[PDB]
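**Student:** Once you've had a glance at the structure underneath, I'll fire off some questions.
Every residue, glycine as well, gets a Cβ built from its backbone with ideal geometry; the counts of neighbours run over all protein chains shown. Coordinate-derived values only; no laboratory data.
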Amino acid sequence: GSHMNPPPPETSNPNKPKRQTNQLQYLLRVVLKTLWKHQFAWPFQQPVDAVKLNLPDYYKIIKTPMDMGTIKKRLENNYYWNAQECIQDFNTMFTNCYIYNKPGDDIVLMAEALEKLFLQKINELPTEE
Ligand SMILES: Brc1ccnc2ncccc12
Ligand SMILES: Brc1ccnc2ncccc12
């Protein structure tokens, strides 16, 4: 892509520790599956392309970018060590949107809908076994 967009977040790194857990399996099979097909998911399914969107300040304001495409790849490629790392990525994604954008903007309403669903699903994150 454009040299003015940063590299996406890491999704493969032999140096980083990782494992499967039943919680991470739930995060893929239930949480990301349910969010991905939400009617408002599409803006969040890939990194923000600040060039195409004419947001030249985006990556000056958002220094820890995250999106559900990256999360999906991290889950499918078994990048994570624990559920907390993945939950953190979701929460970064939502809060980036709320930091960059005005309350009540469409993109914020979209994020808020996804976040509502996310919290309902994480309340049922299974006991680690
Ligand atoms: Br598309 C998109 C996704 C996430 N955040 C965004 N913020 C502003 C404009 C477009 C955005
Ligand atoms: Br793509 C895009 C660009 C700017 N604003 C947006 N708001 C909502 C959803 C997608 C957006």
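**Student:** If I filter the range 61-102 down to residues being charged (D, E, K, R) and part of a helix (DSSP H, G or I), which single residue comes out as surrounded by the fewest Cβ atoms within 10 Å (Cβ to Cβ)?
**Tutor:** Applying the filter and picking the extreme gives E76.
**Student:** Looking at the range 39-53, can you tell me whether even one residue there is basic (K, R) and surrounded by 15 or more Cβ atoms within 10 Å (Cβ to Cβ)?
**Tutor:** No; the residues of the range 39-53 include none that is basic (K, R) and surrounded by 15 or more Cβ atoms within 10 Å (Cβ to Cβ).
**Student:** For the range 12-24, give me each residue that is touching a residue at least 12 places away in the same chain (Cβ under 8 Å), outside any helix (DSSP H, G or I) and of a type outside the set (G, A, S).
**Tutor:** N13, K16, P17, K18, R19, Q20, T21
**Student:** Output the residues belonging to the range 32-60 that are outside any loop (DSSP other than H, G, I, E, B), over 23 Å from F118 (Cβ atoms) and touching a residue at least 12 places away in the same chain (Cβ under 8 Å).
**Tutor:** Within the range 32-60, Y59 is the sole residue that qualifies.
**Student:** Under 7 Å between Cβ atoms, at least 6 apart or on separate chains: pull out the pairs that start in the range 96-112 with a residue that is in contact (Cβ under 8 Å) with a residue 60 or more places away in the chain and end on any residue that is within 10 Å of ligand 2 (Cβ to nearest atom).
**Tutor:** What qualifies is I107/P43; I107/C97; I107/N101; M110/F40; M110/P43; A111/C97.
**Student:** I'm told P9 meets every condition in (1) part of a loop (DSSP other than H, G, I, E, B); (2) surrounded by fewer than 16 Cβ atoms within 10 Å (Cβ to Cβ); (3) under 13 Å from the mean Cα position of the chain (by Cα) except one. Can you identify the failing condition by its number?
**Tutor:** If we test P9 against (1) part of a loop (DSSP other than H, G, I, E, B); (2) surrounded by fewer than 16 Cβ atoms within 10 Å (Cβ to Cβ); (3) under 13 Å from the mean Cα position of the chain (by Cα), just (2) comes out false.
**Student:** Oh, and also: Would you point out the residue of the range 103-119, among those that are part of a loop (DSSP other than H, G, I, E, B) and more than 10 Å from ligand 1 (Cβ to nearest atom), that is nearest to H38 (Cα to Cα)?
**Tutor:** The qualifying residue nearest to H38 (Cα to Cα) is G104.
**Student:** While we're on this one: State whether one or more residues within the range 86-103 are more than 28 Å from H3 (Cα to Cα) and either within 15 Å of the chain's Cα centre (by Cα) or within 12 Å of ligand 2 (Cβ to nearest atom) (or both).
**Tutor:** yes
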